[PDB]
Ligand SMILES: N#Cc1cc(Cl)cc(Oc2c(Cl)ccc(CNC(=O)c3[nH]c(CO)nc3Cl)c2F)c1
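A lone chain, given as structure tokens: the form solved without the ligand.
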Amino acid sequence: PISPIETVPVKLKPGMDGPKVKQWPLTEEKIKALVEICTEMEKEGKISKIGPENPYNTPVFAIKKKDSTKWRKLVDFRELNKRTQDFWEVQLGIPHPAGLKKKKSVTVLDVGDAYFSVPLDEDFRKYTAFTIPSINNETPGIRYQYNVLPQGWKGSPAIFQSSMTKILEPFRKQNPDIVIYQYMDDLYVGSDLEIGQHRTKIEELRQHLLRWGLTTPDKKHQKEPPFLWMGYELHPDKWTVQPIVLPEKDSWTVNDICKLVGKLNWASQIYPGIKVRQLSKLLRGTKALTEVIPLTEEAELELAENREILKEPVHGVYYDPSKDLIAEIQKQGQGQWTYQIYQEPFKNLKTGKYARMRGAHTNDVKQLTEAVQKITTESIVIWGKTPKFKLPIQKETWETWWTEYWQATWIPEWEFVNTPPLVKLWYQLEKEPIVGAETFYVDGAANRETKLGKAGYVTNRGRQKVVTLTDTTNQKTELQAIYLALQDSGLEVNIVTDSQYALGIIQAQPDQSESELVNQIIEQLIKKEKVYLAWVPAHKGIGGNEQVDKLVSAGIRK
């Protein structure tokens, strides 16, 4: 039937008119499916025949459903969607099985022809006009308009989701202790009742939905575990993801890598140790999806170990609010991290990974802090609270970092776990000048027009050196000067620079960088035993900054 719920008023954008796009040719098989669907929908009032008074039209087509026996009538409303008013989407995320609490009885069911049971605003119906061809000159094409929500329209998802919430509201108020996970028309229903009293409440819910014009066919009424729900399999005390099949080509394209990484990210929710850094790097600079791409040694090796992880059996458990939430983080290389969220040891609620690269220069302590923040926000969504953390970093290492770091950084309740590789700072800058260390006054300078530059130093012990550079910038020359002082100095060195740019980068103690020059500097800093970096204002006659400035400016400035 059609729901007696009130329609949602919808307008077009100002100064806009309905679409006028002609139907494209369709397969005879699809035409036979469309006429069978539309003759039935017209009898039920879900669509209405229109005449020449309706000047609009929009192409339609059909695809197979998940059942593969039935067809889904779709409309290419791309033109009408551009001209329809904006909506605020009420769907804020996707429910996860790890957030489900243990229930005594469980039911999963689905609404039959869900969109086609919610009425559409009467003033908007004319814009949904469409035409269906048939046998030529034996019966011409029939034109219809929608009286219900069409599949393909921009406003249909949010209107159905809001309407479904209003429909369930009286039942939820009457039964506050029966959890109904509502994703589109798909309902997960759980109770703490015996199976007999539970099924009677399910019939109350089915009668309630029927009163609001929503059928629940027994074909999609799951009554026994495992329950197929949202791409998972729900067992009484565990859950698993439906089988994931990775593509197995010998010649990968951009589109092939996209679907490969996409399924890997989807698998990482329960499969631990998934890495996609080397596979995602192959997508840089690409243009079209048809671009065939050769796999590198690291990318070929990354896919191999991912395939071995997927062969092992894995599952998750359900959430118990009487226990604590624990998130343990493991480090992989190249800015990659994986984590396992659990309440009891070796009983994962879910897993995940974090590999986002923030900033041109960073270290393992920053990335760990960023992963903690991502898991914290994710945990608040799924469970409504913050987990306790198990991090592979010493308490002393963290104390050193946030003591000297100029930004405010904080990690919630956590403890140390000895699971290598451990997160540590690879070098520390001195707070005071080093007695008995040679003092380097470094400076760089570059010409904006010719792109020529010079970098060099002068030392209190009489040494000086200038290095010429090509196709450089003023910032690169200042970094080149610091790099030069690190190369020609001993294990302990004092460096004075006038560049706060280079000072701020080095003071953050990065261990990785997009700049190869910065990486070369990092490798030098790690090998040193003591480094003191100080800053002086440029062009103020301060020695020996004045001496080195006069050295590197000659021939590129003034």
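All residue numbers refer to positions in the sequence shown, first residue = 1.
Not on display, but discussed next: the form solved in complex with the ligand.
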- Task: For the ligand-free chain shown, place the ligand by superposition of the C-alphas around its site using the coordinates in the bound PDB entry, and mark the site blocked if 3 or more ligand atoms sit within 2.4 Å of backbone or C-beta atoms, otherwise open.
- Result: blocked
- Query: 396-404, 286-294, 229-237, 342-350: which one contacts the ligand in the bound PDB entry at 4.5 Å, heavy atom to heavy atom?
  - Reply: 229-237
- Item | Answer option from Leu391, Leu100, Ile257, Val365, heavy atom within 4.5 Å of the ligand in the bound PDB entry | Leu100
- Note on the structure: The listed residue (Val179, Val261, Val466, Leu310) that reaches within 4.5 Å of the ligand in the bound PDB entry by any heavy atom is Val179
- Message: Can you work out whether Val106 and the ligand are in contact in the bound PDB entry, taking contact to mean some heavy atom pair no more than 4.5 Å apart?
- Response: yes
- Message: Taking the ligand as it sits in the bound PDB entry, is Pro225 in contact with it (heavy atom to heavy atom, 4.5 Å or less)?
- Response: yes
- Please run the contact check for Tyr318 against the ligand in the bound PDB entry: heavy atoms, 4.5 angstroms, yes or no? yes
- Could you confirm whether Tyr127 comes within 4.5 Å of the ligand in the bound PDB entry, counting heavy atoms only? no
- Who in 181-197 is close to the ligand in the bound PDB entry, meaning a heavy atom within 4.5 Å? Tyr181, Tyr188, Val189, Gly190
